[PDB]
>>> print(open('my_file06.csv').read())   # CSV, C-alpha atoms and all ligand atoms
chain,number,residue,atom,x,y,z
A,492,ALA,CA,-17.2,-19.7,12.6
A,493,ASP,CA,-16.0,-16.3,14.0
A,494,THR,CA,-15.3,-13.7,11.1
A,495,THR,CA,-13.1,-10.6,11.6
A,496,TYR,CA,-13.2,-7.9,8.9
A,497,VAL,CA,-10.0,-5.8,8.2
A,498,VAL,CA,-9.7,-2.8,5.9
A,499,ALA,CA,-6.6,-3.6,3.8
A,500,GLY,CA,-5.3,-0.8,1.5
A,501,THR,CA,-2.5,1.6,0.6
A,502,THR,CA,0.1,2.6,3.3
A,503,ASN,CA,-1.0,6.3,3.0
A,504,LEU,CA,-4.6,5.4,4.0
A,505,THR,CA,-4.2,2.5,6.4
A,506,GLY,CA,-0.6,2.7,7.7
A,507,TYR,CA,0.3,-0.8,6.3
A,508,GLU,CA,0.9,-2.1,2.7
A,509,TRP,CA,-2.2,-4.2,1.9
A,510,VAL,CA,-2.2,-6.1,5.2
A,511,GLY,CA,-5.5,-8.0,5.7
A,512,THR,CA,-4.7,-10.1,8.9
A,513,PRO,CA,-6.2,-8.8,12.2
A,514,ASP,CA,-3.1,-9.6,14.3
A,515,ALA,CA,-0.8,-7.8,11.8
A,516,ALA,CA,-3.1,-4.6,11.4
A,517,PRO,CA,-5.2,-4.5,14.6
A,518,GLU,CA,-5.9,-0.7,14.1
A,519,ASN,CA,-7.8,-1.6,10.8
A,520,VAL,CA,-10.2,-4.3,12.3
A,521,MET,CA,-13.7,-3.1,11.6
A,522,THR,CA,-16.1,-2.7,14.6
A,523,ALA,CA,-19.6,-4.3,14.8
A,524,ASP,CA,-22.2,-1.5,14.2
A,525,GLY,CA,-25.9,-2.7,14.1
A,526,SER,CA,-25.9,-5.4,11.3
A,527,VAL,CA,-22.8,-3.9,9.5
A,528,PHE,CA,-19.1,-3.1,10.3
A,529,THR,CA,-17.4,0.3,10.4
A,530,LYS,CA,-13.8,1.6,10.5
A,531,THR,CA,-13.0,5.4,10.7
A,532,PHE,CA,-9.6,6.7,9.6
A,533,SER,CA,-8.9,9.9,11.5
A,534,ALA,CA,-7.6,13.0,9.6
A,535,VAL,CA,-6.8,11.3,6.3
A,536,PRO,CA,-4.7,13.9,4.3
A,537,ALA,CA,-5.9,15.4,1.0
A,538,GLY,CA,-4.6,13.0,-1.6
A,539,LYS,CA,-5.4,11.0,-4.8
A,540,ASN,CA,-5.9,7.3,-5.5
A,541,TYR,CA,-6.4,6.0,-1.9
A,542,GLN,CA,-7.4,2.3,-2.3
A,543,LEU,CA,-8.8,-0.4,0.0
A,544,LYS,CA,-10.5,-3.8,0.1
A,545,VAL,CA,-12.4,-5.5,3.0
A,546,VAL,CA,-10.7,-8.8,4.1
A,547,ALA,CA,-13.0,-11.4,5.8
A,548,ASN,CA,-10.8,-13.5,8.2
A,549,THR,CA,-12.3,-16.9,9.4
A,550,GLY,CA,-9.5,-18.8,11.1
A,551,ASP,CA,-6.6,-19.0,8.6
A,552,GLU,CA,-9.1,-18.4,5.6
A,553,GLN,CA,-9.1,-14.9,4.0
A,554,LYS,CA,-11.7,-13.6,1.5
A,555,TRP,CA,-10.7,-10.3,-0.2
A,556,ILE,CA,-13.7,-8.2,-1.1
A,557,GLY,CA,-13.6,-5.4,-3.8
A,558,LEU,CA,-16.0,-2.7,-5.1
A,559,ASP,CA,-19.8,-3.2,-5.7
A,560,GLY,CA,-19.6,-7.0,-6.2
A,561,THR,CA,-16.4,-6.9,-8.3
A,562,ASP,CA,-12.7,-7.7,-7.6
A,563,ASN,CA,-11.6,-4.1,-8.2
A,564,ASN,CA,-9.9,-2.1,-5.4
A,565,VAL,CA,-12.2,0.6,-3.9
A,566,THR,CA,-10.5,3.8,-5.2
A,567,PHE,CA,-11.2,7.4,-3.9
A,568,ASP,CA,-9.6,10.9,-3.6
A,569,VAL,CA,-9.8,13.0,-0.4
A,570,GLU,CA,-10.1,16.8,-1.3
A,571,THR,CA,-9.5,18.1,2.3
A,572,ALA,CA,-8.1,16.4,5.4
A,573,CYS,CA,-11.1,14.6,6.9
A,574,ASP,CA,-12.3,11.5,8.8
A,575,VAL,CA,-13.0,8.7,6.3
A,576,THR,CA,-15.5,6.1,7.4
A,577,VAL,CA,-15.5,2.6,5.7
A,578,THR,CA,-18.8,0.6,6.1
A,579,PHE,CA,-19.1,-3.1,5.1
A,580,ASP,CA,-22.4,-5.1,5.0
A,581,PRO,CA,-21.9,-9.0,5.1
A,582,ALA,CA,-25.5,-9.4,3.8
A,583,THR,CA,-24.7,-7.6,0.4
A,584,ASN,CA,-20.8,-7.3,0.4
A,585,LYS,CA,-21.5,-3.5,-0.1
A,586,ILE,CA,-18.5,-1.3,0.8
A,587,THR,CA,-19.2,2.4,1.4
A,588,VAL,CA,-16.6,5.1,1.8
A,589,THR,CA,-18.0,8.4,3.3
A,590,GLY,CA,-16.6,11.7,4.5
A,591,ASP,CA,-17.0,15.5,3.6
A,592,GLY,CA,-13.8,15.4,1.5
A,593,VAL,CA,-14.3,11.9,-0.2
A,594,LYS,CA,-14.8,11.7,-4.0
A,595,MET,CA,-15.0,8.2,-5.5
A,596,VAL,CA,-12.8,7.6,-8.6
A,597,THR,CA,-15.1,6.6,-11.5
A,598,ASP,CA,-12.7,7.1,-14.5
A,599,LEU,CA,-9.0,7.0,-15.6
A,600,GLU,CA,-7.0,9.4,-17.8
A,601,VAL,CA,-3.6,7.8,-18.6
A,602,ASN,CA,-0.8,10.5,-18.6
A,603,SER,CA,2.1,7.9,-18.4
A,604,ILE,CA,2.8,4.2,-18.3
A,605,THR,CA,5.8,2.7,-16.4
A,606,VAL,CA,7.1,-0.8,-17.0
A,607,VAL,CA,7.7,-1.9,-13.4
A,608,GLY,CA,9.6,-5.1,-12.4
A,609,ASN,CA,12.6,-6.8,-11.0
A,610,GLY,CA,15.1,-4.6,-12.9
A,611,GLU,CA,18.8,-5.7,-13.1
A,612,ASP,CA,21.5,-4.2,-15.5
A,613,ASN,CA,19.8,-3.8,-19.0
A,614,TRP,CA,16.5,-5.4,-17.7
A,615,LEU,CA,14.2,-2.5,-16.9
A,616,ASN,CA,17.4,-0.3,-16.8
A,617,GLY,CA,18.3,-1.7,-13.3
A,618,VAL,CA,15.2,-0.4,-11.5
A,619,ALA,CA,13.8,-2.7,-8.8
A,620,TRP,CA,9.9,-2.2,-8.6
A,621,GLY,CA,10.1,1.5,-9.3
A,622,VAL,CA,6.5,2.4,-10.2
A,623,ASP,CA,7.5,6.1,-11.1
A,624,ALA,CA,11.0,5.5,-12.6
A,625,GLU,CA,11.2,8.0,-15.6
A,626,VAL,CA,13.6,5.7,-17.5
A,627,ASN,CA,10.9,3.0,-17.7
A,628,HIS,CA,8.2,5.5,-19.0
A,629,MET,CA,6.9,4.0,-22.2
A,630,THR,CA,6.8,6.3,-25.3
A,631,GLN,CA,3.3,7.2,-26.5
A,632,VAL,CA,3.8,6.3,-30.3
A,633,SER,CA,0.1,7.1,-31.1
A,634,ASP,CA,-3.2,7.8,-29.3
A,635,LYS,CA,-3.4,5.2,-26.4
A,636,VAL,CA,-0.5,3.1,-27.8
A,637,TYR,CA,2.8,2.9,-25.8
A,638,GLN,CA,6.2,1.2,-26.6
A,639,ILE,CA,9.5,0.7,-24.8
A,640,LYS,CA,12.6,-1.4,-25.8
A,641,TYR,CA,15.2,-3.3,-23.7
A,642,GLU,CA,18.3,-4.3,-25.7
A,643,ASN,CA,21.0,-6.9,-24.9
A,644,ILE,CA,19.0,-9.0,-22.4
A,645,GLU,CA,20.6,-12.4,-21.4
A,646,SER,CA,18.0,-15.1,-22.4
A,647,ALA,CA,16.7,-16.7,-19.1
A,648,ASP,CA,13.6,-18.4,-17.6
A,649,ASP,CA,12.1,-17.5,-14.2
A,650,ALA,CA,14.4,-14.4,-14.0
A,651,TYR,CA,12.3,-11.5,-15.5
A,652,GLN,CA,8.9,-10.3,-14.0
A,653,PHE,CA,7.0,-7.1,-14.9
A,654,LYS,CA,3.7,-5.2,-14.9
A,655,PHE,CA,2.3,-1.9,-16.4
A,656,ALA,CA,1.5,1.0,-14.0
A,657,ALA,CA,-0.4,4.1,-15.1
A,658,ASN,CA,0.3,7.6,-13.8
A,659,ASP,CA,3.4,6.7,-11.6
A,660,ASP,CA,1.4,4.8,-9.0
A,661,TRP,CA,-0.2,1.3,-8.5
A,662,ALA,CA,-3.9,2.5,-8.5
A,663,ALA,CA,-4.3,1.5,-12.2
A,664,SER,CA,-2.0,-1.4,-13.3
A,665,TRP,CA,-2.1,-4.4,-15.7
A,666,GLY,CA,-0.8,-8.0,-15.6
A,667,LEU,CA,-2.2,-11.5,-16.0
A,668,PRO,CA,-4.8,-13.4,-14.1
A,669,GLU,CA,-2.2,-15.7,-12.4
A,670,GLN,CA,1.6,-15.0,-12.3
A,671,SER,CA,2.7,-16.8,-15.5
A,672,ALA,CA,4.7,-16.6,-18.8
A,673,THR,CA,3.7,-13.7,-21.1
A,674,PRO,CA,2.7,-14.8,-24.7
A,675,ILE,CA,5.6,-13.9,-27.0
A,676,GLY,CA,5.2,-12.4,-30.5
A,677,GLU,CA,1.3,-12.2,-30.2
A,678,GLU,CA,-1.2,-9.7,-28.9
A,679,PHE,CA,-2.8,-10.8,-25.6
A,680,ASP,CA,-5.5,-9.4,-23.2
A,681,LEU,CA,-4.4,-7.8,-19.9
A,682,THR,CA,-6.0,-8.1,-16.4
A,683,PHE,CA,-6.4,-4.8,-14.5
A,684,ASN,CA,-4.8,-5.1,-11.0
A,685,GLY,CA,-3.3,-8.4,-12.4
A,686,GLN,CA,-0.4,-10.6,-11.3
A,687,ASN,CA,3.2,-10.2,-12.5
A,688,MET,CA,4.0,-11.3,-16.0
A,689,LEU,CA,7.0,-13.6,-16.5
A,690,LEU,CA,9.3,-13.0,-19.5
A,691,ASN,CA,10.6,-16.6,-20.1
A,692,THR,CA,12.8,-16.2,-23.2
A,693,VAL,CA,14.4,-19.8,-23.0
A,694,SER,CA,10.8,-21.3,-23.1
A,695,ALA,CA,10.2,-18.8,-26.1
A,696,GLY,CA,13.1,-20.6,-28.0
A,697,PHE,CA,16.1,-18.2,-27.3
A,698,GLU,CA,19.1,-20.2,-26.1
A,699,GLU,CA,20.0,-19.5,-22.5
A,700,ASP,CA,22.5,-16.6,-22.1
A,701,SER,CA,22.1,-15.6,-25.8
A,702,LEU,CA,21.4,-11.8,-26.1
A,703,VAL,CA,17.9,-10.8,-27.1
A,704,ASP,CA,16.2,-7.4,-27.7
A,705,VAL,CA,12.7,-7.0,-26.1
A,706,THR,CA,10.1,-4.6,-27.5
A,707,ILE,CA,6.9,-4.1,-25.3
A,708,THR,CA,3.8,-2.5,-26.8
A,709,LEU,CA,0.7,-1.6,-24.7
A,710,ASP,CA,-2.6,-0.8,-26.5
A,711,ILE,CA,-5.3,0.8,-24.4
A,712,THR,CA,-7.4,2.1,-27.4
A,713,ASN,CA,-10.2,-0.3,-26.4
A,714,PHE,CA,-9.7,-0.2,-22.6
A,715,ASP,CA,-13.0,0.6,-20.8
A,716,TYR,CA,-12.6,1.8,-17.2
A,717,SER,CA,-16.2,0.8,-16.2
A,718,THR,CA,-15.5,-2.9,-17.1
A,719,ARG,CA,-11.6,-2.7,-16.6
A,720,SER,CA,-11.5,-4.8,-19.8
A,721,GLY,CA,-9.9,-4.2,-23.3
A,722,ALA,CA,-6.1,-3.3,-22.6
A,723,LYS,CA,-3.8,-5.5,-24.7
A,724,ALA,CA,0.0,-6.0,-25.1
A,725,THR,CA,2.5,-7.5,-27.4
A,726,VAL,CA,6.0,-8.7,-26.2
A,727,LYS,CA,8.4,-9.0,-29.2
A,728,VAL,CA,11.7,-10.9,-28.6
A,729,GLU,CA,14.4,-11.0,-31.3
A,730,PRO,CA,18.1,-12.1,-31.3
A,731,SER,CA,20.2,-8.9,-30.4
A,732,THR,CA,21.4,-6.6,-33.2
B,1,LIG,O1,6.7,-3.2,-4.3
B,1,LIG,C1,7.1,-4.5,-4.8
B,1,LIG,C2,5.8,-5.2,-5.4
B,1,LIG,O2,5.3,-4.5,-6.5
B,1,LIG,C3,4.2,-5.0,-7.1
B,1,LIG,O3,3.1,-5.1,-6.2
B,1,LIG,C4,2.0,-4.2,-6.4
B,1,LIG,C5,0.9,-4.8,-7.3
B,1,LIG,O4,1.4,-5.1,-8.6
B,1,LIG,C6,-0.3,-3.9,-7.3
B,1,LIG,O5,-1.3,-4.4,-8.1
B,1,LIG,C7,-0.8,-3.6,-5.9
B,1,LIG,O6,-1.1,-4.9,-5.4
B,1,LIG,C8,-2.2,-4.9,-4.4
B,1,LIG,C9,-3.6,-5.0,-5.1
B,1,LIG,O7,-3.9,-3.8,-5.8
B,1,LIG,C10,-4.7,-5.2,-4.0
B,1,LIG,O8,-5.9,-5.5,-4.7
B,1,LIG,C11,-4.3,-6.4,-3.1
B,1,LIG,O9,-4.4,-7.6,-3.8
B,1,LIG,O10,-3.1,-6.2,-2.5
B,1,LIG,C12,-2.0,-6.1,-3.5
B,1,LIG,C13,-0.7,-6.1,-2.7
B,1,LIG,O11,-0.5,-7.3,-2.0
B,1,LIG,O12,0.2,-3.0,-5.1
B,1,LIG,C14,1.4,-3.7,-5.0
B,1,LIG,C15,2.5,-2.9,-4.3
B,1,LIG,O13,2.1,-2.9,-2.9
B,1,LIG,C16,4.5,-6.4,-7.6
B,1,LIG,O14,3.4,-7.0,-8.3
B,1,LIG,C17,5.1,-7.3,-6.5
B,1,LIG,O15,5.5,-8.6,-7.0
B,1,LIG,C18,6.2,-6.6,-5.8
B,1,LIG,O16,6.6,-7.4,-4.7
>>> encode(input="my_file06.csv", output="structure tokens", more="lines below")
Ligand SMILES: OC[C@H]1O[C@H](O[C@H]2[C@H](O)[C@@H](O)[C@@H](O[C@H]3[C@H](O)[C@@H](O)[C@@H](O)O[C@@H]3CO)O[C@@H]2CO)[C@H](O)[C@@H](O)[C@@H]1O
Amino acid sequence: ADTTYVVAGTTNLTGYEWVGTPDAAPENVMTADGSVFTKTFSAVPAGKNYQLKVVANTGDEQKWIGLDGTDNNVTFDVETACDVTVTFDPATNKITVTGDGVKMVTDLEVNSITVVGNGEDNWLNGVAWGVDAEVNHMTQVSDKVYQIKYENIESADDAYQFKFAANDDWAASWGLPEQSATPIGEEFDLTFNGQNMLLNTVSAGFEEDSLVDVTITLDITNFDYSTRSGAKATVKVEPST
């Protein structure tokens, strides 16, 4: 079974938005090199939070491979414009990123959190997937606790989707393991690089089209970057005042 490896990642690194198919991103197919595979990106600009994964393509079947045996994106900065080489070893699933200007990201300092989602009218202030929209910056109400409120939302199911994004980009984000309804009125654990959260207020007991006020709280007091574990949220829904 013939396997083709593709570097998928951010548009700024790869020229495509997380495209893992050889026919769709032929420039990012990795070349056979000894017992491993290599892809060099020419003159990558100085920048922060470049991200990639290696995608194994065997016919229609895709396997997305993240950092050092995890499902995390490989995340690095480039200090000075340089050629970045990505190495992949099928025997170990080791991904290496090398180059004079390359520095691996090994920690996260949160300076902002954006609520990002399918905004319309009062829902996320009308912003459609705006990762850096100031109006959806959560307020830091204490050390590592963030809150935002959306008032006068029409109660609906399968209408409202959202995630949390740190530092006005997608490098550090939270959602759920599968795209599914958020727990309502109870603290729940968040998945780093997770799927969209659904805010299904009819299923939460608020009559369709009735107005509700939504209060979202994000607690990263026990978030550990090394494990990507410990971020928690609460989504409070109340009849509108
Ligand atoms: O731009 C609209 C788009 O925004 C959101 O997608 C972002 C993801 O939430 C975010 O995690 C990241 O997703 C990539 C993963 O990091 C990566 O490991 C791999 O799985 O590819 C993912 C992209 O397919 O970046 C995207 C933005 O490109 C939102 O969740 C989407 O519903 C929405 O369409």
>>> residues_near_point(input="my_file06.csv", point="(-12.5, 7.0, -19.1)", cutoff="6 Å", atoms="all atoms listed in the file", output="PyMOL selection string")
chain A and resi 598-599+716
>>> atom_distance(input="my_file06.csv", atom1="CA of residue 627 (chain A)", atom2="CA of residue 568 (chain A)")
26.1 Å
>>> residues_near_ligand(input="my_file06.csv", ligand="ligand LIG 1 (chain B)", cutoff="10 Å", atoms="all atoms listed in the file", output="ChimeraX atom specification")
/A:499-502,507-511,542-544,546,555-557,562-565,607-609,619-622,652-656,660-666,670,683-688
>>> closest_residue(input="my_file06.csv", among="A:553, A:518, A:634, A:699", to="residue 713 (chain A)", atoms="all atoms listed in the file")
A:634
>>> residues_around(input="my_file06.csv", residues="residue 679 (chain A)", least_positions_apart="6", cutoff="8 Å", atoms="all atoms listed in the file", output="mmCIF file with C-alpha atoms, keeping the file's coordinate frame")
data_model
loop_
_atom_site.group_PDB
_atom_site.id
_atom_site.type_symbol
_atom_site.label_atom_id
_atom_site.label_comp_id
_atom_site.auth_asym_id
_atom_site.auth_seq_id
_atom_site.Cartn_x
_atom_site.Cartn_y
_atom_site.Cartn_z
ATOM 1 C CA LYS A 723 -3.800 -5.500 -24.700
ATOM 2 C CA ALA A 724 0.000 -6.000 -25.100
ATOM 3 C CA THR A 725 2.500 -7.500 -27.400
#
>>> closest_residue(input="my_file06.csv", among="A:705, A:547, A:711, A:618", to="residue 640 (chain A)", atoms="all atoms listed in the file")
A:705
>>> closest_atom_pairs(input="my_file06.csv", of="region 562-605 of chain A", to="region 525-532 of chain A", cutoff="7 Å", atoms="only C-alpha atoms", output="JSON lines")
{"residue": "A:574", "atom": "CA", "partner": "A:532", "partner_atom": "CA", "distance": 5.6}
{"residue": "A:575", "atom": "CA", "partner": "A:532", "partner_atom": "CA", "distance": 5.1}
{"residue": "A:576", "atom": "CA", "partner": "A:531", "partner_atom": "CA", "distance": 4.2}
{"residue": "A:577", "atom": "CA", "partner": "A:530", "partner_atom": "CA", "distance": 5.2}
{"residue": "A:578", "atom": "CA", "partner": "A:529", "partner_atom": "CA", "distance": 4.5}
{"residue": "A:579", "atom": "CA", "partner": "A:528", "partner_atom": "CA", "distance": 5.2}
{"residue": "A:580", "atom": "CA", "partner": "A:527", "partner_atom": "CA", "distance": 4.7}
{"residue": "A:581", "atom": "CA", "partner": "A:527", "partner_atom": "CA", "distance": 6.8}
>>> atom_distance(input="my_file06.csv", atom1="CA of residue 541 (chain A)", atom2="CA of residue 615 (chain A)")
26.9 Å
>>> residues_around(input="my_file06.csv", residues="residue 727 (chain A)", least_positions_apart="5", cutoff="9 Å", atoms="all atoms listed in the file", output="PyMOL selection string")
chain A and resi 675-677+704-708
>>> write_last_selection(input="my_file06.csv", atoms="C-alpha atoms", output="PDB file, in the coordinates of the input")
ATOM      1  CA  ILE A 675       5.600 -13.900 -27.000  1.00  0.00           C
ATOM      2  CA  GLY A 676       5.200 -12.400 -30.500  1.00  0.00           C
ATOM      3  CA  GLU A 677       1.300 -12.200 -30.200  1.00  0.00           C
ATOM      4  CA  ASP A 704      16.200  -7.400 -27.700  1.00  0.00           C
ATOM      5  CA  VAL A 705      12.700  -7.000 -26.100  1.00  0.00           C
ATOM      6  CA  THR A 706      10.100  -4.600 -27.500  1.00  0.00           C
ATOM      7  CA  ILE A 707       6.900  -4.100 -25.300  1.00  0.00           C
ATOM      8  CA  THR A 708       3.800  -2.500 -26.800  1.00  0.00           C
TER       9      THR A 708
END
>>> atom_distance(input="my_file06.csv", atom1="CA of residue 570 (chain A)", atom2="CA of residue 534 (chain A)")
11.8 Å
